[PDB]
file entry12.tsv (TSV, C-alpha atoms)
chain	number	residue	atom	x	y	z
A	1	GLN	CA	52.53	38.17	-3.66
A	2	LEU	CA	53.32	35.23	-1.37
A	3	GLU	CA	50.38	36.21	0.82
A	4	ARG	CA	48.15	36.35	-2.26
A	5	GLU	CA	49.36	32.89	-3.30
A	6	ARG	CA	48.63	31.61	0.21
A	7	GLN	CA	45.14	33.12	0.02
A	8	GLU	CA	44.59	31.39	-3.33
A	9	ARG	CA	45.75	28.10	-1.80
A	10	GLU	CA	43.34	28.64	1.10
A	11	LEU	CA	40.49	29.24	-1.35
A	12	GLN	CA	41.44	26.05	-3.20
A	13	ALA	CA	41.47	24.17	0.11
A	14	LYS	CA	38.01	25.53	0.93
A	15	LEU	CA	36.84	24.33	-2.48
A	16	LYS	CA	38.35	20.90	-1.80
A	17	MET	CA	36.39	20.82	1.47
A	18	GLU	CA	33.17	21.86	-0.30
A	19	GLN	CA	33.92	19.03	-2.73
A	20	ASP	CA	34.69	16.30	-0.21
A	21	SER	CA	31.44	17.20	1.56
A	22	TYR	CA	29.64	16.96	-1.80
A	23	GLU	CA	31.27	13.56	-2.36
A	24	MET	CA	30.18	12.14	1.00
A	25	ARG	CA	26.67	13.47	0.37
A	26	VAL	CA	26.68	11.81	-3.06
A	27	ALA	CA	27.68	8.51	-1.48
A	28	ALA	CA	24.85	8.97	1.05
A	29	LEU	CA	22.62	9.51	-2.00
A	30	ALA	CA	22.57	5.76	-2.67
A	31	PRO	CA	21.30	5.15	0.87
A	32	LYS	CA	18.75	7.93	0.42
A	33	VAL	CA	17.55	6.36	-2.84
A	34	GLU	CA	17.22	2.95	-1.19
A	35	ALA	CA	15.26	4.45	1.71
A	36	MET	CA	13.01	6.38	-0.68
A	37	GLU	CA	12.34	3.23	-2.72
A	38	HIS	CA	11.50	1.26	0.43
A	39	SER	CA	9.19	4.02	1.69
A	40	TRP	CA	7.43	4.28	-1.68
A	41	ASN	CA	6.94	0.51	-1.85
A	42	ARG	CA	5.60	0.42	1.71
A	43	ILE	CA	3.20	3.29	1.03
A	44	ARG	CA	1.98	1.67	-2.19
A	45	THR	CA	1.49	-1.69	-0.46
A	46	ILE	CA	-0.50	-0.08	2.36
A	47	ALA	CA	1.03	8.90	8.73
A	48	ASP	CA	2.18	5.74	6.96
A	49	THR	CA	2.66	3.89	10.26
A	50	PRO	CA	-0.78	4.99	11.46
A	51	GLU	CA	-2.35	3.86	8.18
A	52	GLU	CA	-0.64	0.47	8.41
A	53	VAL	CA	-1.77	0.01	12.02
A	54	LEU	CA	-5.33	0.99	11.10
A	55	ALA	CA	-5.31	-1.44	8.17
A	56	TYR	CA	-4.07	-4.27	10.39
A	57	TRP	CA	-6.68	-3.55	13.07
A	58	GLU	CA	-9.44	-3.34	10.46
A	59	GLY	CA	-8.34	-6.65	8.94
A	60	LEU	CA	-8.33	-8.35	12.35
A	61	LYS	CA	-11.77	-6.96	13.19
A	62	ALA	CA	-13.09	-8.04	9.78
A	63	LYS	CA	-11.72	-11.56	10.28
A	64	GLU	CA	-13.37	-11.78	13.71
A	65	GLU	CA	-16.71	-10.48	12.43
A	66	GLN	CA	-16.41	-12.90	9.49
A	67	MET	CA	-15.93	-15.88	11.80
A	68	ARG	CA	-18.89	-14.80	13.94
A	69	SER	CA	-21.06	-14.29	10.86
A	70	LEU	CA	-20.09	-17.66	9.37
A	71	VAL	CA	-21.05	-19.25	12.70
A	72	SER	CA	-24.40	-17.44	12.66
A	73	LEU	CA	-25.10	-18.55	9.09
A	74	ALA	CA	-24.18	-22.15	9.93
A	75	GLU	CA	-26.55	-22.08	12.91
A	76	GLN	CA	-29.33	-20.65	10.74
A	77	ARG	CA	-28.75	-23.31	8.09
A	78	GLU	CA	-28.86	-26.07	10.71
A	79	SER	CA	-32.13	-24.71	12.11
A	80	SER	CA	-33.72	-24.56	8.65
B	1	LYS	CA	11.80	14.54	-16.37
B	2	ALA	CA	8.85	12.15	-16.59
B	3	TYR	CA	9.80	9.77	-13.76
B	4	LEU	CA	8.18	11.83	-11.02
B	5	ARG	CA	4.96	11.60	-13.02
B	6	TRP	CA	5.48	7.86	-13.47
B	7	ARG	CA	6.01	7.14	-9.78
B	8	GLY	CA	3.00	9.31	-8.96
B	9	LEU	CA	0.91	7.39	-11.47
B	10	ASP	CA	2.28	4.12	-10.06
B	11	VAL	CA	1.10	5.03	-6.55
B	12	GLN	CA	-2.28	6.13	-7.90
B	13	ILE	CA	-2.60	2.96	-10.00
B	14	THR	CA	-1.73	0.60	-7.14
B	15	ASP	CA	-4.16	2.31	-4.74
B	16	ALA	CA	-6.92	2.39	-7.37
B	17	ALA	CA	-6.27	-1.24	-8.31
B	18	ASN	CA	-6.43	-2.46	-4.71
B	19	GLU	CA	-9.63	-0.58	-3.94
B	20	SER	CA	-11.08	-1.72	-7.28
B	21	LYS	CA	-10.39	-5.38	-6.50
B	22	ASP	CA	-12.01	-5.13	-3.07
B	23	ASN	CA	-14.99	-3.14	-4.39
B	24	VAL	CA	-15.57	-5.43	-7.37
B	25	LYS	CA	-15.26	-8.63	-5.29
B	26	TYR	CA	-17.75	-7.34	-2.68
B	27	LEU	CA	-20.19	-5.93	-5.26
B	28	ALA	CA	-19.96	-9.29	-7.05
B	29	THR	CA	-21.03	-11.13	-3.91
B	30	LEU	CA	-24.28	-9.13	-4.08
B	31	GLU	CA	-25.09	-10.33	-7.59
B	32	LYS	CA	-26.59	-13.78	-6.99
B	33	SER	CA	-29.46	-12.33	-4.92
B	34	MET	CA	-29.89	-9.12	-6.93
B	35	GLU	CA	-30.28	-11.15	-10.15
B	36	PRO	CA	-33.99	-12.14	-9.75
B	37	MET	CA	-35.32	-8.56	-9.82
B	38	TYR	CA	-34.32	-7.66	-13.39
B	39	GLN	CA	-37.01	-9.71	-15.15
B	40	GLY	CA	-39.18	-11.56	-12.60
C	1	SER	CA	18.39	14.74	1.57
C	2	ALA	CA	19.29	14.07	5.20
C	3	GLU	CA	15.81	15.01	6.43
C	4	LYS	CA	14.18	12.62	3.96
C	5	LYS	CA	16.55	9.86	5.07
C	6	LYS	CA	15.70	10.51	8.73
C	7	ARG	CA	11.97	10.44	7.96
C	8	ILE	CA	12.29	7.17	6.05
C	9	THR	CA	14.38	5.62	8.83
C	10	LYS	CA	11.84	6.70	11.45
C	11	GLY	CA	8.97	5.23	9.42
C	12	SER	CA	10.84	1.95	8.95
C	13	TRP	CA	11.68	1.84	12.66
C	14	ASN	CA	8.03	2.30	13.64
C	15	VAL	CA	6.97	-0.51	11.30
C	16	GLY	CA	7.76	-4.18	11.83
C	17	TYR	CA	10.19	-6.27	9.76
C	18	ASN	CA	9.82	-5.41	6.08
C	19	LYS	CA	9.59	-9.06	5.02
C	20	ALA	CA	7.02	-9.79	7.74
C	21	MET	CA	5.04	-6.60	7.11
C	22	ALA	CA	4.98	-7.18	3.34
C	23	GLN	CA	3.83	-10.78	3.74
C	24	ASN	CA	1.21	-9.84	6.34
C	25	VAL	CA	-0.21	-7.08	4.13
C	26	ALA	CA	-0.32	-9.35	1.08
C	27	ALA	CA	-1.96	-12.17	3.06
C	28	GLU	CA	-4.54	-9.83	4.67
C	29	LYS	CA	-6.27	-9.80	1.27
C	30	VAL	CA	-6.65	-13.56	0.83
C	31	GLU	CA	-7.39	-14.03	4.56
C	32	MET	CA	-10.45	-11.82	3.89
C	33	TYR	CA	-11.49	-12.82	0.37
C	34	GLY	CA	-11.66	-16.47	1.45
C	35	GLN	CA	-13.86	-15.67	4.47
C	36	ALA	CA	-16.06	-13.52	2.22
C	37	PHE	CA	-16.51	-16.29	-0.35
C	38	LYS	CA	-17.34	-18.76	2.43
C	39	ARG	CA	-19.91	-16.37	3.91
C	40	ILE	CA	-21.52	-15.77	0.51
C	41	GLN	CA	-21.66	-19.52	-0.12
C	42	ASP	CA	-23.21	-20.29	3.28
C	43	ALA	CA	-25.71	-17.47	2.64
C	44	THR	CA	-26.78	-18.86	-0.73
C	45	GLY	CA	-26.99	-22.41	0.64
C	46	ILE	CA	-29.18	-21.28	3.54
C	47	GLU	CA	-31.43	-19.34	1.16
C	48	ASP	CA	-31.75	-22.37	-1.13
call {"tool": "encode", "arguments": {"input": "entry12.tsv", "output": "structure tokens"}}
result
Amino acid sequence: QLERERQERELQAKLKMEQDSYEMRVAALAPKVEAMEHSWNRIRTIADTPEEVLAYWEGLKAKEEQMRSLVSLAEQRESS
Amino acid sequence: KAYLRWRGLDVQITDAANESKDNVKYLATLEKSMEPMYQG
Amino acid sequence: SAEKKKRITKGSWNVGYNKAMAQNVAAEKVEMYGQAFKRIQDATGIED
């Protein structure tokens, strides 16, 4: 009977462990939620890193082409 | 229960809105030289 | 849970500062719309 009681105590201890682990995971849930919110906001604003880099490069190229075009148009206007 | 659908629709709406603004603003630049051909 | 957190952390690490990235992305729209309006104006003026 004492051995059975000890086994029951061991099972309760295992539960306690599988509860503490749950608790720590739950606390990490807030960090997970914050990370998910940040990732969702970044994706909406813009795999994701490649897309952001491509967008930045495209914007820079567009700005350069725009400046060159504006210069061309100004030269054409002056000639006319 | 509906918040997965709402974040999905939020992502779709932001992407659609951004592409719509760019598309509309660029297709609007075309208008002042496409305007003569409707009635001239 | 942990895998999603690791993926999010990796993505954030690859990207630049969130404040800087957010501002740059937001600006990248005006920095282009302005240029576009100027080009359209110059075009119309030259045509006129």
call {"tool": "atom_distance", "arguments": {"input": "entry12.tsv", "atom1": "atom CA of residue 43 of chain A", "atom2": "atom CA of residue 20 of chain C"}}
result
15.2 Å
call {"tool": "closest_atom_pairs", "arguments": {"input": "entry12.tsv", "of": "segment 32-52 of chain A", "to": "segment 9-27 of chain B", "cutoff": "9 Å", "atoms": "only C-alpha atoms", "output": "tab-separated table"}}
result
residue	atom	partner	partner_atom	distance
A:40	CA	B:11	CA	8.0
A:41	CA	B:11	CA	8.8
A:43	CA	B:11	CA	8.1
A:44	CA	B:11	CA	5.6
A:45	CA	B:14	CA	7.8
A:46	CA	B:15	CA	8.3
call {"tool": "interface_residues", "arguments": {"input": "entry12.tsv", "of": "chain A", "to": "chain C", "cutoff": "7 Å", "atoms": "all atoms listed in the file", "output": "ChimeraX atom specification"}}
result
/A:32,35-36,39,49,59,63,66,70,73-74,77
call {"tool": "closest_residue", "arguments": {"input": "entry12.tsv", "among": "B:1, B:40, B:29, B:8", "to": "chain A", "atoms": "all atoms listed in the file"}}
result
B:8
call {"tool": "axis_aligned_box", "arguments": {"input": "entry12.tsv", "around": "segment 18-22 of chain C", "padding_each_side": "6 Å", "output": "lines of an AutoDock Vina configuration file"}}
result
center_x = 7.4
center_y = -7.6
center_z = 5.5
size_x = 16.8
size_y = 16.4
size_z = 16.4
call {"tool": "atom_distance", "arguments": {"input": "entry12.tsv", "atom1": "atom CA of residue 31 of chain B", "atom2": "atom CA of residue 37 of chain C"}}
result
12.7 Å
call {"tool": "atom_distance", "arguments": {"input": "entry12.tsv", "atom1": "atom CA of residue 7 of chain B", "atom2": "atom CA of residue 37 of chain A"}}
result
10.3 Å
